[PDB]
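Step one of this worksheet: look at the structure below.
As the structure lists them, so they are numbered: ligands from 1, and atoms in each ligand from 1. This chain uses plain numbering: 1 for the first residue, then up along the sequence.
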Amino acid sequence: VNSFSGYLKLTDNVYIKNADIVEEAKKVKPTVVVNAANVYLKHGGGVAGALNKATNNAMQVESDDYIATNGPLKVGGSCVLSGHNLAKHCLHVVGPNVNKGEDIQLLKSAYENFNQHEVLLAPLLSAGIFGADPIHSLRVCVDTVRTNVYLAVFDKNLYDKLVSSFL
Ligand SMILES: Cc1nc(C(=O)N[C@@H](CC(=O)O)c2ccccc2)c2cc[nH]c2n1
């Protein structure tokens, strides 16, 4: 039993909800919140910009120190950093950005990072400003993640499409 509320069960381990991941994280304080990161951890917009704003820019400060020490992530890769006031940990995961021309086949590799954590709150990787088809991303999530994933979907219209079209 966990604290997530109001989710629709898609499979044994994948759940979905129309919700703001920022407000959801603040309420649940999950062990792991997933950020839709880029390889430079520049949290300027989309989910990353929103998560970082909620931390009063502390996420960005921590991220800049991480990059200065370690260099950029790989597309498809991840790192674990602090969750600040939102969660215990933030798993920064780099899905391919279609608007940069990156291989969508890397979306599966990106979702594989979720399997290192028993329970996560997360967005659809590569959705939104990353330009991928969210129906394809939900499909990859369901077919790749084996741990318990709670998806927050910001747009009410997109969610209903995701639920109504889910196989
Ligand atoms: C869960 C979540 N998602 C996003 C986000 O950018 N979401 C994409 C995908 C989607 O609909 O979830 C989007 C695509 C088209 C229109 C609006 C949003 C944000 C931004 C701030 N907080 C968030 N929380």
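In summary, the side chains of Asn2 and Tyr150 do present a donor paired with an acceptor at a separation below 3.5 Å, with no hydrogens or angles considered. Side-chain atoms of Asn18 and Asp155 include no donor-acceptor pair closer than 3.5 Å. A donor and an acceptor atom, one from each side chain of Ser63 and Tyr40, are nowhere located under 3.5 Å apart.
For atom 15 (C) of ligand 1, the nearest protein heavy atom is 4.0 Å or more away. Note that atom 21 (C) of ligand 1 has protein non-hydrogen atoms nearby, at separations under 4.0 angstrom.
Residues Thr147 and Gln116 have side chains not in contact (no heavy-atom distance under 4.5 Å, counting atoms from C-beta outward).
Of all the listed residues (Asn18, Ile21, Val34, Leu151), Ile21 holds the heavy atom that lies closest to atom 23 (C) of ligand 1.
Proximity of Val47 to ligand 1 is established by a heavy-atom distance of less than 4.0 Å. For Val22, the closest heavy-atom approach to ligand 1 does not fall below 4.0 Å.
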Listing, residues 21-33 side-chain donor-acceptor contacts under 3.5 Å, not counting sequence neighbours, or none:
{"residue": "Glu23", "atom": "OE2", "partner": "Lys26", "partner atom": "NZ", "Å": "2.9"}
{"residue": "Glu24", "atom": "OE1", "partner": "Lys17", "partner atom": "NZ", "Å": "3.1"}
{"residue": "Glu24", "atom": "OE2", "partner": "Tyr7", "partner atom": "OH", "Å": "2.9"}

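Of the protein's non-hydrogen atoms, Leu158 CD2, 3.1 Å is the one closest to atom 11 (O) of ligand 1. For atom 12 (O) of ligand 1, the nearest non-hydrogen atom of the protein is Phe154 N, 3.2 Å. With hydrogens left out, the protein atom closest to atom 13 (C) of ligand 1 is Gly128 CA, 3.9 Å, a heavy atom. Nearest protein neighbour of atom 1 (C) of ligand 1, counting heavy atoms only, is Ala152 O, 2.7 Å.
Residues in residues 60-96 take part in these ring pair (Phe, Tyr, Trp, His ring centres under 6.0 Å) pairs, two or more places apart or across chains: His43-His92.
For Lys9 (side chain) and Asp12 (main-chain N/O), a donor-acceptor pair under 3.5 Å exists by modelled atom type. A donor-acceptor pair is defined here as one N or O able to donate and one able to accept, closer than 3.5 Å; no such pair exists between the side chain of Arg139 and the backbone of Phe166.
Of all atoms in ligand 1, listed by their number and element, those nearer than 4.0 Å to a heavy atom of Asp20 are 22 (N). Close approach of ligand 1 to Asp155 is summarised as follows: ligand atoms under 4.0 Å from at least one heavy atom of the residue are 11 (O).
Heavy atoms of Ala50 found under 4.0 angstrom from ligand 1 belong exclusively to the side chain.
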